[PDB]
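# Observations on chain architecture
Below, each chain spelled out in residue letters.
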Amino acid sequence: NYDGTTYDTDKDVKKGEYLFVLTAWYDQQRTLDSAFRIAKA
Amino acid sequence: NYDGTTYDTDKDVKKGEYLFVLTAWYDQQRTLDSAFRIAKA
Amino acid sequence: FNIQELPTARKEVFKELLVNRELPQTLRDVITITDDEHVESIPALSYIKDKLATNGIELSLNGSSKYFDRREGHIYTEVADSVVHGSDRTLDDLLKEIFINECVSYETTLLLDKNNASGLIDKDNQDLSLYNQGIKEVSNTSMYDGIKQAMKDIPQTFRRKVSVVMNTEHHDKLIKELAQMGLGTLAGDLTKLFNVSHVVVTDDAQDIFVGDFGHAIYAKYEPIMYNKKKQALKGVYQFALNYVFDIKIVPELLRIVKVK
Amino acid sequence: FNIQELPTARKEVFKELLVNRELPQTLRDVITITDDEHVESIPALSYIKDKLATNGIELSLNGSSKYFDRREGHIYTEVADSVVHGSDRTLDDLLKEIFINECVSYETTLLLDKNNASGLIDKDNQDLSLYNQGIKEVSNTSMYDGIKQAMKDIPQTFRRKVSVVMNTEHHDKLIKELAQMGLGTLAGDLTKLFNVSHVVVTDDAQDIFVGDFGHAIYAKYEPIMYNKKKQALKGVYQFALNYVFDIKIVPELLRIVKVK
């Protein structure tokens, strides 16, 4: 799930750069644990 | 008294905070200091 | 898209700003500069080397690939507070007092300093020390007699245009050595004493130089951007300029001096 | 209500009146001044301290709360008689001869005098003596050698702009010390002898000063009122002006000298 995003711009005068940042929030999860198993030697 | 005010917004991008800041100027003085007293025991 | 170019009509304000001769004590009095984008190599090189070739001397490629390269320059300041910006005139004259002083001083560090190809000067700006460039020395006990020997090993074609640089600690000297041998009145008129043009004296220089600095130390500056920003916590702005520069040397016309 | 404001169009006559450089022998030749109401603090302070911070030195707040304060100034005269006022031109030139002389002289007393933070100078105007400000001393037997030591402990960034002040009793000296060591011809051209700009000589000063007075001794004046009155018993008027002034110091750039 990606719930929302926000994008904005500015300058960093000391180094000259522009930043062009992006921030957002998300979650991921396994509905059940008997669904996803692991192998191993 | 208060001379005059200054108000401006600001955004720090790297952290996400919005900043609202105020600055003005002032002074306060008493006309005569003999008119006032302190009680004590 | 958001970014806006600096208006060209505002640029030429800064072109004459970067290059300026108004200050008293700098090599900018004597060296060649410009602001033209098109020029790619020292313009006069051809007329030089053939005239040198008339003599036994001719050029060793001490500078590789004569075509220039683009080296960066950067400025930064912080105005004290908007009260300075609340007015107009004192602001505008304050900035020009700064840049000229900073730009002029910065090229001067790269050339004359004893930093000698390390330390404070960035390693990106590290070849261009004249000590590091490979000039031959002259030596003599008497400094007066010393530099006659060095003005005169110059090719006689370009001897007519030559200029000497000197430290004040050296300036106090020769007027003493003269007085003992006389010519005190002549002293204080160095240009007459040694036929030269544009004698210079400063303090950042550590050792004496001679040579036609008009043709040797060609350079050029070119601006890029001028930025401006408010900072709200403090009352300050953040002004700054960044540009590009580059410079060249012809050490054969120059000679260093070193007295004992 | 009766009171009438001074017309603004008449004020700027007095703004250029308070500040004037036309006179021969004053520190007004070298120091910074202005007449702008808006400015609240030394304009260049930011560019200074960071450059000083390049060196190990940096500022101690010898002046508290950089924002200016309003100190008062007052003038008073009595014209001899209306016969002077019966005419026009000789009147007008007489006044300007007075004020400039009085205003200029008064700030000069506060700075240089041996009154040293007491006595004739009001206790309200009692910090601003340079002796009272806390500058460090330099000492040497030879005054010629003495001040080389003091020009040279200055930060090399602002060494290019420096100016020396001197008393005539000191002026007669060094030309004697030179003659014994030679350079008599050079003597009489002090600016050449010590690389400096704007050397000054007066008589009110008691001891030798060195430092970049262009950036250190910023000041400002502002007029308030000009009054006029008839006095009928005598034939006299009562002219007077009162204004406001204030001033600042940066002692790190300055150095006092004291020879033995």
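Rules and cut-offs
- Along every chain, residues receive numbers from 1 upward following the written sequence, which is not necessarily the numbering found in the entry; those without coordinates are excluded from display.
- Here the convention is simple: chains get letters from A, ligands get numbers from 1, in the order in which they are written.
- Reported quantities concern only the chains on display, which constitute a fraction of a larger assembly.
- Computation of side-chain values covers all heavy atoms of the structure but excludes hydrogens and water.
- Any residue under 20% of the maximum accessible area for its type is buried, any over 50% is exposed, and the rest in between are partly exposed; the area is computed with a 1.4 Å probe on protein chains only.
- The helix count covers DSSP runs of H or I at least four residues long, the strand count covers runs of E at least two residues long, and both are numbered beginning at the N terminus.
- Think of it this way: DSSP has to see at least two bridges between two strands before they count as a pair.
- Note on alignment: the copies are superposed with a least-squares fit restricted to their C-alpha atoms.
- Whether two residues are in contact is decided by their heavy atoms, any of which lying within 4.5 Å being enough.
- A carboxyl oxygen of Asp or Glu within 4 Å of a side-chain nitrogen of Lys or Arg is what we treat as a salt bridge.

As recorded in the entry header, the structure was determined using cryo-EM to a resolution of 4.0 Å.

The PDB entry lists chain C under the name Cos capsid morphogenesis protein (Ccm), with Staphylococcus aureus given as the organism. Looking at the PDB record, one finds the entry titled "SaPIbov5 procapsid structure including size redirecting protein Ccm".

As annotated in the PDB entry, chain A carries the name Major capsid protein and comes from Staphylococcus aureus.

### Things to note about the pairing of strand β2 (residues 137-140) of chain C
Residues and elements named next belong to chain C. Burial along β2 is one-sided: the face carrying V138 and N140 is buried and the face carrying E137 and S139 is not. For β2 and strand β7 (residues 254-259), the ladder comprises four bridges, and the chain directions are parallel. Considered in β7, the bridge of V138 is made with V257.

### Examining the relation of the copies chain D and chain C
The operation relating the two chain copies consists of a rotation about an axis and a shift along that axis. Between chain D and chain C, which share one sequence, the superposing operator has a rotation angle of 72° and an axial displacement of 0.0 Å; the RMSD is 0.0 Å. The transformation relating the two chain copies, once decomposed into turn and shift, fits a five-fold axis. For chain D, the minimum C-alpha distance to the rotation axis belongs to D:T185 and amounts to 4.2 Å. Mapped onto chain C, only 5% of the interface residues of chain D again fall at the interface, so the copies present different surfaces.

### Some words on the pattern of salt bridges
Taken as a whole and judged by the stated rule, the model has 11 salt bridges over all chains. Between A:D8 and B:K11 there is a salt bridge, with the nearest N and O atoms lying 2.4 Å from each other. Separated into two different chains, A:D8 in strand β1 (residues 2-8) and B:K11 in strand β1 (residues 6-11) make up a pair that spans both. For D:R255, the salt bridge identified is with D:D153, shortest N-O distance 3.9 Å. You can see D:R255 sitting in strand β7 (residues 254-259) and its partner D:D153 sitting in the loop between α5 (143-152) and β3 (163-165), a full 102 residues away along the chain. On the accessibility criterion, D:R255 (10% relative accessible area) is buried.

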